[PDB]
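Visitor: Please find one structure pasted underneath; my questions will follow.
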Amino acid sequence: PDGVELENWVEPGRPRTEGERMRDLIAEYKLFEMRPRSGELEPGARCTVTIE
Amino acid sequence: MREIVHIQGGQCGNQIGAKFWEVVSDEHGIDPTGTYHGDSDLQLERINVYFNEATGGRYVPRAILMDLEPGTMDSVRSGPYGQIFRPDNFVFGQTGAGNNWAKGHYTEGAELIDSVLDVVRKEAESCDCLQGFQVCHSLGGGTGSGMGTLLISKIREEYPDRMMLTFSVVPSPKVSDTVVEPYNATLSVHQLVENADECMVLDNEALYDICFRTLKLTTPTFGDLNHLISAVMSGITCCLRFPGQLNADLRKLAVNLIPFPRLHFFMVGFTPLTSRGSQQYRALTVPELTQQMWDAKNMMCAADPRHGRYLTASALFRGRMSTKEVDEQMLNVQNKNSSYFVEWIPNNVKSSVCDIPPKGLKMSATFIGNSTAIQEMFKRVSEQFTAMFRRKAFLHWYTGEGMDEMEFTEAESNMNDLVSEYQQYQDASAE
Amino acid sequence: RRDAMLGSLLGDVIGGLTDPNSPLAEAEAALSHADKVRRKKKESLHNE
Amino acid sequence: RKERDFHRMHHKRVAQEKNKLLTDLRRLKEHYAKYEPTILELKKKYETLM
Amino acid sequence: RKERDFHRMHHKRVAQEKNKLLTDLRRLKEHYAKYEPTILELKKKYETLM
Amino acid sequence: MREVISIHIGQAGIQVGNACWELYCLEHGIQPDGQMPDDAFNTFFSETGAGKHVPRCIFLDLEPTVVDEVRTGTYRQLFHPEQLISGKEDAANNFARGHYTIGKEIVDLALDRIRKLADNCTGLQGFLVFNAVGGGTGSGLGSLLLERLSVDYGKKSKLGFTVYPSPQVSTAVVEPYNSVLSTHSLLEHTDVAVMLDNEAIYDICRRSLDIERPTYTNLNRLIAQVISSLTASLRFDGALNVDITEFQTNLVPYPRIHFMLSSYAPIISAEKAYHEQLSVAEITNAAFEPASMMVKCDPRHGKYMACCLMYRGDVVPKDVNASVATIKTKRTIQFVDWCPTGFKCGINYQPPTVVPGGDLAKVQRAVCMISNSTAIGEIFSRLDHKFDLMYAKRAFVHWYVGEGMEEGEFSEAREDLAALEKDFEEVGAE
Amino acid sequence: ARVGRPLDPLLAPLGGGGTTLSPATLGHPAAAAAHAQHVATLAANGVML
Ligand SMILES: Nc1nc2c(ncn2[C@@H]2O[C@H](COP(=O)(O)OP(=O)(O)OP(=O)(O)O)[C@@H](O)[C@H]2O)c(=O)[nH]1
Ligand SMILES: Nc1nc2c(ncn2[C@@H]2O[C@H](COP(=O)(O)OP(=O)(O)O)[C@@H](O)[C@H]2O)c(=O)[nH]1
């Protein structure tokens with residue numbers, strides 16, 4: 001998601017392509033997740049991003 | 001030869017259907033015993049649309065009366081036209097639903113729905129050609145709205161291509177009869193959007209306003225409202241039953257009316273509705289009838305057309321008239337009120353003319369308007385449902401009927417989505 | 001000829017009933033995915 | 001906002017048409033799964049008669 | 001702008017899914033049409049073998 | 001020996017056929033029962049051994065009411081019962097419904113009866129297809145039948161007397177849609193297509209018949225008079241006999257450009273009759289008046305390409321030549337540079353018969369002008385915007401898709417009417 | 001007699017027309033195939049016209 005509000009809009013359908021279905025199961029079961037997402041930093045700051 | 005199967009559901013639906021059958025039989029010259037007494041060939045020419053011939057000359061209406069409590073059917077049978085209906089078409093339970101849509105859709109409707117569909121299939125298979133089914137009932141009630149949505153879903157599953165016409169009495173804006181009206185309305189609208197191909201919104205307070213301001217009646221009982229609704233329900237299909245200069249069946253009306261599938265809710269009004277005092281003072285002309293037609297007060301639905309935008313509008317006229325006259329009148333209306341009309345549809349008029357006007361009236365006309373104004377009615381029902389669902393008041397009676405709480409969110413989401421398409425096609429710009 | 005065409009049609013029908021790659025298989029995959037999506041949206045909307 | 005509304009309504013009515021196609025597919029599947037057991041029974045009778 | 005880009009992409013995706021579903025529905029109609037002659041053929045073979 | 005097979009499709013087609021057959025029966029003296037108290041009827045009727053003359057017509061419709069009106073009306077013993085073909089479910093203003101799902105069996109039975117009718121004709125001048133562009137039955141079933149006739153009968157000249165939607169006034173909502181679709185269909189099948197607009201005929205009735213109260217019966221009566229004037233040379237002899245085959249060769253410059261304005265003169269009530277001379281010159285000028293057409297299309301925007309005049313009654317060739325020479329010397333009338341002659345005069349000695357109960361007066365002279373002009377592209381230009389305005393949101397597209405139509409069909413139809421616009425532009429241009 | 005134009009520059013892509021009485025040869029097979037394939041590509045890509 002790109003910060004967009006979904007309101008009774010169907011999820012992406014059956015991809016029928018293996019790469020896209022891998023991406024979609026990743027999305028469904030939260031396999032890869034980065035916590036901070038967007039950030040902003042002053043010069044020399046430290047963000048401490050986490051990817052799990 | 002294109003048959004229609006009528007179903008009357010709930011107390012309000014059963015009363016409206018009984019009034020409708022009284023009106024139709026009187027129009028076709030049928031006495032309450034079923035024998036023809038009209039002395040007119042055209043009346044019997046297409047009598048098969050609503051009636052079947054019995055062993056003798058008796059004509060049995062193709063009506064199915066449905067209820068959970070026997071009192072409404074006892075009153076209907078004791079009424080003036082209660083003996084025309086076949087007794088096997090009276091499908092009633094023993095315990096009524098206490099204004100519980102969950103009771104009328106899950107617990108008590110499940111047992112009776114088998115008999116209901118059995119009677120429906122028996123009535124439909126006898127028909128040579130089936131235009132479809134018309135179900136008359138009221139939103140905001142347990143038994144009626146509940147099994148009405150259930151039966152509409154079942155008949156949609158059985159006959160996907162056949163026409164579905166629904167006449168739902170939406171709960172009134174200002175004065176509400178039962179507390180659980182917004183729950184029932186929200187649950188029923190969810191089913192009607194998905195299943196009913198063509199659906200009508202009617203409001204009791206709009207009925208009172210029109211009968212008090214136009215008809216100028218003093219003591220309007222529910223019988224008068226049922227009479228007006230019956231007149232509209234006859235005029236919607238008089239083209240099927242009588243020869244017309246420019247005929248239009250239910251499917252033609254649906255095609256010319258529904259721009260997008262989910263926006264199939266329509267409002268009606270009937271012309272000429274004249275007070276007894278000013279009947280002599282009025283003039284029966286197409287410009288008069290159209291001016292009354294396009295008035296907000298003539299609309300049988302609470303929402304006023306001025307707030308919204310007319311997506312489409314069909315007008316089924318009845319009587320000996322000029323198709324030139326009618327087309328000029330409605331084109332002039334569109335040009336004059338082009339602000340209220342959607343721009344990306346060059347013509348918002350579906351005009352049909354029938355050669356047989358109703359009895360007593362030299363000319364008449366029914367109006368079916370698909371306008372974005374009904375957005376405000378859906379919004380008001382949402383403003384009630386959301387407020388009372390925020391505290392889950394009387395949610396628990398429905399929770400007891402084996403239906404999930406998530407279904408209320410489902411219905412609200414679908415209803416407000418429909419609100420969204422109404423608003424956006426109201427404010428949609430060409431190109 | 002009748003035996004050959006009967007066998008061909010019987011094989012086609014039985015394969016459609018039970019094949020890993022059959023039009024019924026794609027139909028059920030699509031409809032099951034649609035049902036799962038609807039259930040997930042509705043439960044998620046209720047939770048939200 | 002105008003562009004967003006345009007692309008919105010396009011996406012929504014395409015999705016509605018997809019859902020209708022899904023419903024029609026369900027109806028056809030039921031209508032012919034009604035037929036299939038007769039084929040199965042006739043196959044069984046065929047085998048027994050051989 | 002984010003909403004319009006989002007809805008453009010999903011409109012395209014659902015249109016592609018609709019086309020795929022249309023092709024699948026055509027194939028399914030073909031297979032369903034293949035069903036009904038099989039009953040008659042099996043009945044004729046049943047009678048002849050009997 | 002000069003038989004012409006009549007087909008009437010949809011409500012408008014059947015309702016104009018009612019007037020057409022009333023007019024032909026009155027013209028040849030054929031009573032409603034079927035028989036009349038030489039061989040001038042053979043073009044429209046086939047006589048049986050009993051003396052009863054049955055029309056060589058076919059009433060095709062998917063709606064039963066219109067055909068049942070004929071089966072019940074005064075003309076129940078005249079028409080052949082199987083010739084009246086009735087459907088079960090109406091096309092519901094859906095071209096896909098009338099062309100893909102409902103219309104198949106109906107058109108098959110229609111061609112069965114059409115073959116039976118054509119076997120009974122020694123010669124066959126052609127077909128007269130009367131349908132309603134702007135409705136599923138007329139559009140879809142009419143298009144399917146026209147394709148079917150073009151494929152099987154082949155070189156028989158088919159005259160399609162189509163009614164297109166008026167510019168501003170209309171009665172249907174998907175009327176631009178199905179009109180574009182049926183024009184897409186009939187651009188390649190009909191040999192000569194006659195354009196009609198309800199608004200224009202309404203204006204004619206309002207202004208010249210002084211009918212403030214126009215209706216479909218009057219419109220259909222006027223159309224029937226136009227067609228009877230068109231066919232008068234097949235049934236009645238006269239100087240400058242013009243044939244059905246001669247129409248297209250004298251009227252169609254290029255294969256696609258075969259749509260035709262039709263104009264009758266005079267259109268005057270019995271009251272206003274015998275207040276004017278109604279000479280040949282005056283009636284010809286009235287016919288060439290921009291206002292007098294049965295289509296809402298001003299010639300002054302375009303240029304005339306061909307004009308075939310059919311005169312009926314006491315008309316002399318010097319008078320027709322003098323009137324047409326004055327028309328040519330008139331500055332308002334403008335022809336294309338590449339057609340110096342552009343005039344096909346034909347006369348007949350049979351004055352137009354008047355239907356009792358009608359408004360048209362008994363005039364000893366009549367002119368039917370059928371003209372190919374580049375102006376007519378304007379009406380197609382109107383529909384080409386009416387179509388794409390809705391097609392931007394693709395409203396009502398789901399209805400057409402449901403009965404086996406694809407978005408490609410709509411796109412191709414729009415492309416085709418754009419191509420027709422370009423054809424009219426290039427025929428107009430030098 | 002069947003007549004075709006062998007010297008017409010514009011009719012050369014078709015090959016003189018004529019009758020081409022075989023069903024696969026009827027009309028404009030190449031043009032129809034190209035147009036249908038292009039429409040199919042647009043529909044499969046979801047590029048609405
Ligand atoms: N001139 C003229 N036009 C008519 C008349 N009756 C109907 N029309 C036109 O015919 C159009 C539609 O014709 P049809 O397709 O035959 O209508 P239908 O018989 O109900 O068939 P569908 O609408 O396709 O279901 C309408 O838009 C009218 O404008 C008539 O009597 N005279
Ligand atoms: N027009 C009309 N409306 C009615 C009548 N009886 C009840 N209603 C309305 O219908 C609404 C719903 O009631 P209903 O569904 O019939 O109750 P239920 O049968 O127990 O489900 C109520 O708000 C009433 O105002 C009647 O006879 N005529």
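Chain labels A, B, ... are given in the sequence in which chains occur in the structure tokens; within each chain residues are numbered consecutively from 1, and ligands are likewise numbered from 1 in the order shown.
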Skipping near chain neighbours, those fewer than 4 positions away, what residues fall within 12 Å of stretch 109-114 of chain F using only C-alpha atoms, listed as a PyMOL selection string?
Guide: chain F and resi 4-9+56-62+80-87+103-105+118-121+126-127+141-142+144-153
Visitor: What does chain D look like once superposed on chain E, all Cα atoms paired in sequence order, least squares? Give it as a CSV table (one decimal) with N, CA and C atoms, in the first residue's frame.
Guide:
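Result written to selection-v8.csv:
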chain,number,residue,atom,x,y,z
D,1,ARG,N,-5.1,13.0,-6.9
D,1,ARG,CA,-5.0,12.5,-8.3
D,1,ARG,C,-4.0,11.3,-8.3
D,2,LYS,N,-2.9,11.3,-7.5
D,2,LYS,CA,-2.1,10.2,-7.4
D,2,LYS,C,-2.8,9.0,-6.8
D,3,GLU,N,-3.6,9.2,-5.7
D,3,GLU,CA,-4.3,8.1,-5.2
D,3,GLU,C,-5.4,7.6,-6.1
D,4,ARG,N,-6.0,8.5,-6.9
D,4,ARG,CA,-7.0,8.0,-7.9
D,4,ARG,C,-6.3,7.2,-9.0
D,5,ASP,N,-5.2,7.6,-9.4
D,5,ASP,CA,-4.5,6.8,-10.5
D,5,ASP,C,-4.1,5.4,-9.9
D,6,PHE,N,-3.6,5.3,-8.7
D,6,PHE,CA,-3.2,4.1,-8.1
D,6,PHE,C,-4.4,3.1,-8.0
D,7,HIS,N,-5.5,3.6,-7.4
D,7,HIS,CA,-6.7,2.7,-7.3
D,7,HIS,C,-7.3,2.4,-8.7
D,8,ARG,N,-7.2,3.3,-9.6
D,8,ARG,CA,-7.6,3.1,-11.0
D,8,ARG,C,-6.9,1.8,-11.5
D,9,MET,N,-5.6,1.9,-11.7
D,9,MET,CA,-4.8,0.8,-12.3
D,9,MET,C,-5.0,-0.5,-11.6
D,10,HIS,N,-5.2,-0.4,-10.2
D,10,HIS,CA,-5.5,-1.7,-9.5
D,10,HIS,C,-6.8,-2.3,-10.0
D,11,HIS,N,-7.9,-1.4,-10.1
D,11,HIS,CA,-9.2,-1.9,-10.5
D,11,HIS,C,-9.2,-2.4,-11.9
D,12,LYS,N,-8.5,-1.7,-12.8
D,12,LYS,CA,-8.4,-2.1,-14.2
D,12,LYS,C,-7.7,-3.4,-14.4
D,13,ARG,N,-6.6,-3.6,-13.8
D,13,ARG,CA,-5.9,-4.9,-14.1
D,13,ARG,C,-6.6,-6.1,-13.4
D,14,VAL,N,-7.3,-5.8,-12.2
D,14,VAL,CA,-8.2,-6.8,-11.7
D,14,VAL,C,-9.3,-7.2,-12.6
D,15,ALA,N,-9.9,-6.2,-13.2
D,15,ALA,CA,-11.0,-6.4,-14.2
D,15,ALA,C,-10.5,-7.2,-15.4
D,16,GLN,N,-9.3,-6.9,-15.9
D,16,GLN,CA,-8.7,-7.6,-17.0
D,16,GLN,C,-8.5,-9.0,-16.7
D,17,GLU,N,-8.0,-9.3,-15.5
D,17,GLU,CA,-7.8,-10.7,-15.1
D,17,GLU,C,-9.1,-11.4,-15.0
D,18,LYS,N,-10.2,-10.8,-14.5
D,18,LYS,CA,-11.5,-11.4,-14.4
D,18,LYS,C,-12.0,-11.7,-15.8
D,19,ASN,N,-11.8,-10.8,-16.8
D,19,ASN,CA,-12.2,-11.1,-18.1
D,19,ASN,C,-11.5,-12.3,-18.7
D,20,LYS,N,-10.2,-12.4,-18.4
D,20,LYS,CA,-9.4,-13.5,-18.9
D,20,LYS,C,-9.9,-14.8,-18.3
D,21,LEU,N,-10.2,-14.8,-17.0
D,21,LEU,CA,-10.8,-16.0,-16.4
D,21,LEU,C,-12.1,-16.4,-17.1
D,22,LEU,N,-12.9,-15.4,-17.4
D,22,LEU,CA,-14.2,-15.6,-18.1
D,22,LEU,C,-13.9,-16.3,-19.5
D,23,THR,N,-12.9,-15.8,-20.2
D,23,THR,CA,-12.6,-16.4,-21.5
D,23,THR,C,-12.1,-17.8,-21.4
D,24,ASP,N,-11.3,-18.1,-20.4
D,24,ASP,CA,-10.8,-19.5,-20.1
D,24,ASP,C,-12.0,-20.4,-19.8
D,25,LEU,N,-12.9,-19.9,-19.0
D,25,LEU,CA,-14.1,-20.6,-18.7
D,25,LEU,C,-14.9,-21.0,-19.9
D,26,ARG,N,-15.1,-20.0,-20.8
D,26,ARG,CA,-15.8,-20.3,-22.0
D,26,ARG,C,-15.1,-21.4,-22.8
D,27,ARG,N,-13.8,-21.3,-22.9
D,27,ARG,CA,-13.0,-22.3,-23.7
D,27,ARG,C,-13.2,-23.7,-23.1
D,28,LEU,N,-13.1,-23.8,-21.8
D,28,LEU,CA,-13.2,-25.1,-21.2
D,28,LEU,C,-14.7,-25.6,-21.4
D,29,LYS,N,-15.7,-24.8,-21.3
D,29,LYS,CA,-17.0,-25.2,-21.5
D,29,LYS,C,-17.3,-25.7,-22.9
D,30,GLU,N,-16.7,-25.0,-23.9
D,30,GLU,CA,-16.8,-25.5,-25.2
D,30,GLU,C,-16.1,-26.8,-25.4
D,31,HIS,N,-14.9,-26.9,-24.8
D,31,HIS,CA,-14.1,-28.1,-25.0
D,31,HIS,C,-14.8,-29.4,-24.4
D,32,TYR,N,-15.6,-29.2,-23.4
D,32,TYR,CA,-16.2,-30.4,-22.8
D,32,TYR,C,-17.7,-30.6,-23.2
D,33,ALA,N,-18.4,-29.5,-23.7
D,33,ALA,CA,-19.6,-29.7,-24.4
D,33,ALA,C,-19.4,-30.4,-25.7
D,34,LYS,N,-18.2,-30.4,-26.2
D,34,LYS,CA,-17.8,-31.3,-27.3
D,34,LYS,C,-18.0,-32.7,-26.9
D,35,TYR,N,-17.5,-33.1,-25.7
D,35,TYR,CA,-17.6,-34.5,-25.3
D,35,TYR,C,-18.9,-34.9,-24.9
D,36,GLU,N,-19.8,-34.1,-24.3
D,36,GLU,CA,-21.0,-34.5,-23.7
D,36,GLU,C,-22.0,-35.3,-24.6
D,37,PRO,N,-22.1,-35.0,-25.9
D,37,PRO,CA,-23.0,-35.8,-26.7
D,37,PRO,C,-22.6,-37.3,-26.8
D,38,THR,N,-21.3,-37.6,-26.8
D,38,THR,CA,-20.9,-39.0,-26.8
D,38,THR,C,-21.4,-39.7,-25.5
D,39,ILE,N,-21.4,-39.1,-24.4
D,39,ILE,CA,-22.0,-39.7,-23.2
D,39,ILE,C,-23.5,-39.9,-23.3
D,40,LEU,N,-24.1,-38.9,-23.9
D,40,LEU,CA,-25.6,-39.1,-24.2
D,40,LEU,C,-25.9,-40.3,-25.1
D,41,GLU,N,-25.1,-40.4,-26.2
D,41,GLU,CA,-25.4,-41.5,-27.1
D,41,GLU,C,-25.1,-42.9,-26.4
D,42,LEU,N,-24.0,-42.9,-25.6
D,42,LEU,CA,-23.7,-44.2,-25.0
D,42,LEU,C,-24.7,-44.5,-24.0
D,43,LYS,N,-25.3,-43.5,-23.3
D,43,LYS,CA,-26.4,-43.8,-22.4
D,43,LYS,C,-27.6,-44.4,-23.1
D,44,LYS,N,-27.9,-43.8,-24.3
D,44,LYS,CA,-29.0,-44.3,-25.1
D,44,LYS,C,-28.8,-45.8,-25.5
D,45,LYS,N,-27.6,-46.1,-25.9
D,45,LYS,CA,-27.2,-47.4,-26.3
D,45,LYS,C,-27.4,-48.4,-25.1
D,46,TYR,N,-26.9,-47.9,-23.9
D,46,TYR,CA,-27.1,-48.7,-22.7
D,46,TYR,C,-28.5,-49.0,-22.4
D,47,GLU,N,-29.4,-48.0,-22.5
D,47,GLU,CA,-30.8,-48.3,-22.3
D,47,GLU,C,-31.4,-49.2,-23.3
D,48,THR,N,-31.1,-49.1,-24.6
D,48,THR,CA,-31.6,-50.0,-25.6
D,48,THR,C,-31.1,-51.4,-25.3
D,49,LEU,N,-29.8,-51.6,-24.9
D,49,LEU,CA,-29.3,-52.9,-24.7
D,49,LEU,C,-30.0,-53.6,-23.5
D,50,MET,N,-30.3,-52.8,-22.4
D,50,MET,CA,-31.1,-53.4,-21.3
D,50,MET,C,-32.4,-53.8,-21.8
Visitor: Which residues are close to residue B:277, i.e. within 9 Å by only C-alpha atoms, leaving aside same-chain residues fewer than 3 positions away? Reply as a VMD selection string.
Guide: chain B and resid 215 to 216 274 280 to 281
Visitor: Just write the chosen residues, C-alpha atoms, as a PDB file, in the first residue's frame.
Guide:
ATOM      1  CA  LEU B 215     -55.131  14.577  -2.816  1.00  0.00           C
ATOM      2  CA  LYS B 216     -56.009  16.836   0.156  1.00  0.00           C
ATOM      3  CA  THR B 274     -56.156  15.229  -8.123  1.00  0.00           C
ATOM      4  CA  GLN B 280     -63.282  19.915 -12.128  1.00  0.00           C
ATOM      5  CA  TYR B 281     -60.836  22.827 -11.951  1.00  0.00           C
TER       6      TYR B 281
END
Visitor: Would you return as a VMD selection string the members of stretch 272-357 of chain F that DSSP assigns to strand (DSSP E) on this structure's backbone?
Guide: chain F and resid 304 to 313 343 to 348
Visitor: Next, the residues of the selection above should be written as a PDB file, in the first residue's frame with C-alpha atoms.
Guide:
ATOM      1  CA  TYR F 304     -26.621  17.609 -53.581  1.00  0.00           C
ATOM      2  CA  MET F 305     -24.993  14.671 -55.365  1.00  0.00           C
ATOM      3  CA  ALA F 306     -27.980  12.960 -57.006  1.00  0.00           C
ATOM      4  CA  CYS F 307     -31.712  13.701 -57.016  1.00  0.00           C
ATOM      5  CA  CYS F 308     -34.245  11.168 -58.282  1.00  0.00           C
ATOM      6  CA  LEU F 309     -37.703  12.676 -58.722  1.00  0.00           C
ATOM      7  CA  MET F 310     -40.768  10.440 -58.958  1.00  0.00           C
ATOM      8  CA  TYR F 311     -43.801  12.278 -60.314  1.00  0.00           C
ATOM      9  CA  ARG F 312     -47.318  10.895 -60.004  1.00  0.00           C
ATOM     10  CA  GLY F 313     -50.405  12.073 -61.829  1.00  0.00           C
ATOM     11  CA  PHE F 343     -30.991  14.388 -61.893  1.00  0.00           C
ATOM     12  CA  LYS F 344     -33.094  11.266 -62.475  1.00  0.00           C
ATOM     13  CA  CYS F 345     -36.609  12.241 -63.556  1.00  0.00           C
ATOM     14  CA  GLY F 346     -39.338   9.620 -63.696  1.00  0.00           C
ATOM     15  CA  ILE F 347     -43.066  10.100 -64.234  1.00  0.00           C
ATOM     16  CA  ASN F 348     -46.151   7.954 -63.711  1.00  0.00           C
TER      17      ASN F 348
END
Visitor: Give me, as a VMD selection string, the set of residues whose atoms come within 6 Å of any atom of ligand 1, counting only C-alpha atoms and all ligand atoms.
Guide: (chain B and resid 246 to 248) or (chain F and resid 10 to 12 15 90 to 93 132 134 to 138 171 to 172 198 216 219 to 220)
Visitor: As a PyMOL selection string, please: every protein or nucleic acid residue near ligand 2 (cut-off 9 Å, counting only C-alpha atoms and all ligand atoms).
Guide: chain B and resi 9-16+67-69+72+96-101+104+137-146+169-172+176-178+181+202-205+207+221-229
Visitor: Hey, what's within 12 Å of residue F:254 if we count only C-alpha atoms and toss same-chain stuff fewer than 6 positions away? As a list in words, please?
Guide: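 That gives residues 191, 192, 248, 305, 306, 372, 423, 424, 426 and 427 of chain F.
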Visitor: If you measure from atom CA of residue F:414 to atom CA of residue F:94, what distance in Å do you get, rounded to one decimal?
Guide: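 Separating atom CA of residue F:414 from atom CA of residue F:94 is a distance of 16.9 Å.
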Visitor: Using DSSP on the backbone, list every residue of stretch 123-233 of chain F that comes out as alpha helix (DSSP H), and give them as an MDAnalysis selection string.
Guide: chainID F and resid 136 142:152 175:186 198:207 216:233
Visitor: Give me, as a PyMOL selection string, all polymer residues having an atom no more than 12 Å from stretch 17-31 of chain A, counting only C-alpha atoms and skipping those fewer than 4 positions away in the same chain.
Guide: (chain A and resi 1+11-13+35+51-52) or (chain C and resi 36-37+40) or (chain E and resi 13+17)
Visitor: Identify all chain G residues at most 9 Å from chain E by counting only C-alpha atoms; ligands do not count. Present them as a PyMOL selection string.
Guide: chain G and resi 43-48
Visitor: Taking only C-alpha atoms into account, produce a table as JSON lines in which each residue of chain B with an atom at most 6 Å from an atom of chain F appears once, together with its shortest atom pair and the distance in Å to one decimal, ordered by chain and rising number.
Guide:
{"residue": "B:251", "atom": "CA", "partner": "F:92", "partner_atom": "CA", "distance": 5.5}
{"residue": "B:252", "atom": "CA", "partner": "F:92", "partner_atom": "CA", "distance": 3.7}
{"residue": "B:256", "atom": "CA", "partner": "F:173", "partner_atom": "CA", "distance": 5.3}
{"residue": "B:259", "atom": "CA", "partner": "F:396", "partner_atom": "CA", "distance": 4.7}
{"residue": "B:322", "atom": "CA", "partner": "F:215", "partner_atom": "CA", "distance": 5.0}
{"residue": "B:323", "atom": "CA", "partner": "F:215", "partner_atom": "CA", "distance": 5.6}
{"residue": "B:324", "atom": "CA", "partner": "F:214", "partner_atom": "CA", "distance": 5.7}
{"residue": "B:344", "atom": "CA", "partner": "F:390", "partner_atom": "CA", "distance": 5.6}
{"residue": "B:345", "atom": "CA", "partner": "F:390", "partner_atom": "CA", "distance": 5.7}
{"residue": "B:347", "atom": "CA", "partner": "F:173", "partner_atom": "CA", "distance": 5.9}
{"residue": "B:350", "atom": "CA", "partner": "F:172", "partner_atom": "CA", "distance": 4.9}
{"residue": "B:351", "atom": "CA", "partner": "F:171", "partner_atom": "CA", "distance": 5.1}
Visitor: Any chance you could export the current selection's C-alpha atoms as a PDB file, in the first residue's frame?
Guide:
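File written: selection-v6.pdb
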ATOM      1  CA  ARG B 251     -36.886  -5.508 -19.353  1.00  0.00           C
ATOM      2  CA  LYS B 252     -37.015  -2.539 -21.735  1.00  0.00           C
ATOM      3  CA  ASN B 256     -33.317   2.123 -20.467  1.00  0.00           C
ATOM      4  CA  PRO B 259     -27.057   2.990 -16.245  1.00  0.00           C
ATOM      5  CA  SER B 322     -49.743  12.277 -29.161  1.00  0.00           C
ATOM      6  CA  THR B 323     -46.301  10.709 -28.972  1.00  0.00           C
ATOM      7  CA  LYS B 324     -45.196  14.053 -30.409  1.00  0.00           C
ATOM      8  CA  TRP B 344     -23.004  12.517 -19.925  1.00  0.00           C
ATOM      9  CA  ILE B 345     -26.388  11.054 -20.932  1.00  0.00           C
ATOM     10  CA  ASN B 347     -31.328  11.926 -23.366  1.00  0.00           C
ATOM     11  CA  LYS B 350     -37.582   6.805 -21.706  1.00  0.00           C
ATOM     12  CA  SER B 351     -41.147   7.540 -22.799  1.00  0.00           C
TER      13      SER B 351
END
Visitor: Write out as a tab-separated table a residue-level contact list of chain G versus chain F with cut-off 10 Å: for each qualifying residue the closest pair of atoms and the distance in Å to one decimal, counting only C-alpha atoms, rows sorted by chain and residue number upward.
Guide:
residue	atom	partner	partner_atom	distance
G:36	CA	F:408	CA	9.0
G:39	CA	F:408	CA	7.0
G:40	CA	F:408	CA	8.8
G:42	CA	F:408	CA	9.8
G:43	CA	F:408	CA	8.5
G:48	CA	F:407	CA	8.8
G:49	CA	F:411	CA	7.1
Visitor: Please report the interatomic distance between atom CA of residue F:42 and atom CA of residue F:259 in Å with one decimal.
Guide: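 Taking atom CA of residue F:42 and atom CA of residue F:259, their separation equals 27.9 Å.
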Visitor: So the first atom is atom CA of residue F:355 and the second is atom CA of residue F:211; what is the distance between them in Å, to one decimal place?
Guide: 16.5 Å
